Every structure is written in C-alpha cells, then in structure tokens.
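K.L.:
Quick one: the structure is below, questions incoming.
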Amino acid sequence: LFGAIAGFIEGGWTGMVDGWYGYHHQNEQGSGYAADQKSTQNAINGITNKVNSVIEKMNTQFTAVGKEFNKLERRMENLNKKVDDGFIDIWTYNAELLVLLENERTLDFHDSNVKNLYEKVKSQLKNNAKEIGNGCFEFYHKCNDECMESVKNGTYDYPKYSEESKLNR
Amino acid sequence: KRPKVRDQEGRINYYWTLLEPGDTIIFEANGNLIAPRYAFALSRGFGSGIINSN
C-alpha cells in the first residue's frame with residue numbers, strides 16, 4: 001500500500017537475521033548487514049499488542065454442551081440447534097474475517113515502516129548522497145564505519161561532509 | 001397386555017422428585033409400589049456435564 005515492500009525494494013534479504021528491517025553497507029572496509037533495532041522493536045511491540053489485544057476480547061468458553069429431547073419435544077430440539085449452529089456461524093465469521101482484515105493491515109504496517117526508514121535516511125543525507133532507486137544511496141563523499149554507524153544511529157553530521165560532497169556533486 | 005420386552009409383559013413406570021431442604025415426602029399405597037431404598041443428597045457445582053465417547 002505504501003510502495004516499499006515489493007515496490008521500489010524488490011526482494012528481501014536472507015543474510016539479515018537480526019531484525020525485520022535494516023541496512024546493507026559497503027565501504028572500503030568491507031560489506032555487511034545490520035538490523036535496525038529501534039524500528040524492529042517498535043514493530044514487535046505493535047504486533048504483540050495487536051495479537052494479544054485481539055485474543056483477550058474472546059473469553060474462553062467455560063460451560064458444557066449437550067441436551068436431550070424426547071419425540072414430543074422436537075420444537076425444542078430444533079430451537080436448541082438453531083441457537084448452537086447459529087452461534088457457531090457467527091463466531092466462524094468473526095474469526096475468519098478478522099484474520100483476513102488483520103492480516104492485510106499487518107503487511108501494510110510493515111510496508112510503512114520500511115518506507116519511513118527510507119525517508120529518514122533521505123532527511124539525513126540530503127544532497128550528500130544520490131538516490132539510485134533500487135532502495136539505496138551512493139554517497140558523494142568517502143564514508144567509513146564511523147559515519148555509516150552514524151547514519152544507522154540517526155546522528156549523521158551533514159555539515160561535516162557538506163563541502164566535500166558539494167565538490168564531487 | 002403389552003408387547004414383551006426383555007421377556008416381560010408387565011411394566012414399571014419410574015418417577016422421581018427433588019425434595020427441598022426442610023421438607024417432608026409422604027408415600028401412600030395399597031398396592032403397586034416400588035418403594036425407594038436409597039436416596040441421593042445432591043451437592044451442586046458448575047463445570048460438569050454428560051458426554052458420549054469411546
């Protein structure tokens with residue numbers, strides 16, 4: 001719904017295992033995968049709350065089932081059936097539909113997060129990097145592990161690299 | 001005269017009642033009485049039932 005998952009980011013990463021969303025960096029010191037702890041933690045909190053909040057709204061059944069009627073109480077029996085089966089139907093609906101809708105929403109939720117994360121990095125780099133479009137940015141200045149960790153941590157120092165990036169751009 | 005079941009023609013109709021606490025039950029009969037011998041003192045609690053299983 002937001003265009004991140006299966007959109008401008010085609011597929012997922014098998015090598016990233018520590019989180020749902022993350023970064024893939026490649027500098028002169030090497031390549032590597034990292035997982036965004038903050039975004040994945042927020043997603044975990046949200047999904048746990050969703051699942052549990054849904055579950056506790058249906059209190060567990062505490063009674064029993066089973067009634068017996070003789071031949072002269074058929075109008076009774078049908079009524080009983082008409083209740084029991086009826087209730088089951090409602091609950092079946094209330095379960096199935098629920099999951100369906102919830103499932104869609106959950107996926108959209110994840111999509112949003114990825115999009116949001118992407119946007120954050122944009123707001124950090126501005127014209128210091130070039131949007132390739134596959135999901136990343138090519139830096140206009142040399143970046144080591146320190147500045148990459150700053151980008152992941154959200155503490156990017158735009159003014160420090162502004163002069164060098166301007167020349168190369 | 002009724003059709004035989006379990007090699008018997010005459011039949012016993014079984015009845016029951018629930019005596020409340022602090023109450024009395026009176027039986028009168030000049031004939032045809034299968035009298036009670038053992039009663040049951042019911043103690044009630046939710047979370048029970050009857051199920052059919054193998």
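Within each chain, counting starts at residue 1; across the structure tokens, chains are named A, B, ... in the order shown, with ligands numbered 1 upward in that order.
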Where does chain A meet chain B within 10 Å, residue by residue, with the nearest atom pair and distance in Å to one decimal for each, counting only C-alpha atoms, listed by chain and rising number, as CSV?
P.N.:
residue,atom,partner,partner_atom,distance
A:62,CA,B:47,CA,7.3
A:63,CA,B:47,CA,6.2
A:64,CA,B:49,CA,6.3
A:65,CA,B:49,CA,7.6
A:66,CA,B:50,CA,7.3
A:67,CA,B:50,CA,9.0
K.L.:
Would you save the residues from that selection as a PDB file, in the first residue's frame, using N, CA, C and O atoms?
P.N.:
ATOM      1  N   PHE A  62     -16.517 -21.608  29.189  1.00  0.00           N
ATOM      2  CA  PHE A  62     -16.426 -22.265  30.482  1.00  0.00           C
ATOM      3  C   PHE A  62     -17.530 -23.274  30.746  1.00  0.00           C
ATOM      4  O   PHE A  62     -17.413 -24.049  31.702  1.00  0.00           O
ATOM      5  N   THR A  63     -18.585 -23.290  29.943  1.00  0.00           N
ATOM      6  CA  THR A  63     -19.724 -24.163  30.176  1.00  0.00           C
ATOM      7  C   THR A  63     -19.523 -25.482  29.435  1.00  0.00           C
ATOM      8  O   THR A  63     -18.419 -25.818  29.001  1.00  0.00           O
ATOM      9  N   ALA A  64     -20.596 -26.255  29.305  1.00  0.00           N
ATOM     10  CA  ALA A  64     -20.600 -27.504  28.564  1.00  0.00           C
ATOM     11  C   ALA A  64     -21.655 -27.445  27.469  1.00  0.00           C
ATOM     12  O   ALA A  64     -22.372 -26.453  27.316  1.00  0.00           O
ATOM     13  N   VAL A  65     -21.741 -28.527  26.693  1.00  0.00           N
ATOM     14  CA  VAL A  65     -22.735 -28.661  25.638  1.00  0.00           C
ATOM     15  C   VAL A  65     -23.429 -30.009  25.795  1.00  0.00           C
ATOM     16  O   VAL A  65     -22.910 -30.931  26.425  1.00  0.00           O
ATOM     17  N   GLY A  66     -24.629 -30.102  25.225  1.00  0.00           N
ATOM     18  CA  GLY A  66     -25.380 -31.342  25.217  1.00  0.00           C
ATOM     19  C   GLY A  66     -26.718 -31.273  25.924  1.00  0.00           C
ATOM     20  O   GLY A  66     -26.780 -31.032  27.134  1.00  0.00           O
ATOM     21  N   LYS A  67     -27.799 -31.485  25.178  1.00  0.00           N
ATOM     22  CA  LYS A  67     -29.137 -31.576  25.738  1.00  0.00           C
ATOM     23  C   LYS A  67     -29.883 -32.698  25.035  1.00  0.00           C
ATOM     24  O   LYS A  67     -29.579 -33.039  23.890  1.00  0.00           O
TER      25      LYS A  67
END
K.L.:
Just how far from CA of residue 33 in chain A is CA of residue 104 in chain A, in Å to one decimal?
P.N.:
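About the pair CA of residue 104 in chain A and CA of residue 33 in chain A: they are 28.1 Å apart.
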K.L.:
Under the rule that only C-alpha atoms are counted, which of A:144, A:150, A:39, A:29 is the nearest residue to residue 116 in chain A?
P.N.:
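Residue with the minimum atom-to-atom distance to residue 116 in chain A: A:39.
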K.L.:
Return the single residue from A:10, A:85, A:111, A:18 that is closest to residue 133 in chain A, with distances computed using only C-alpha atoms.
P.N.:
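Of A:10, A:85, A:111, A:18, the one nearest residue 133 in chain A, counting only C-alpha atoms, is A:10.
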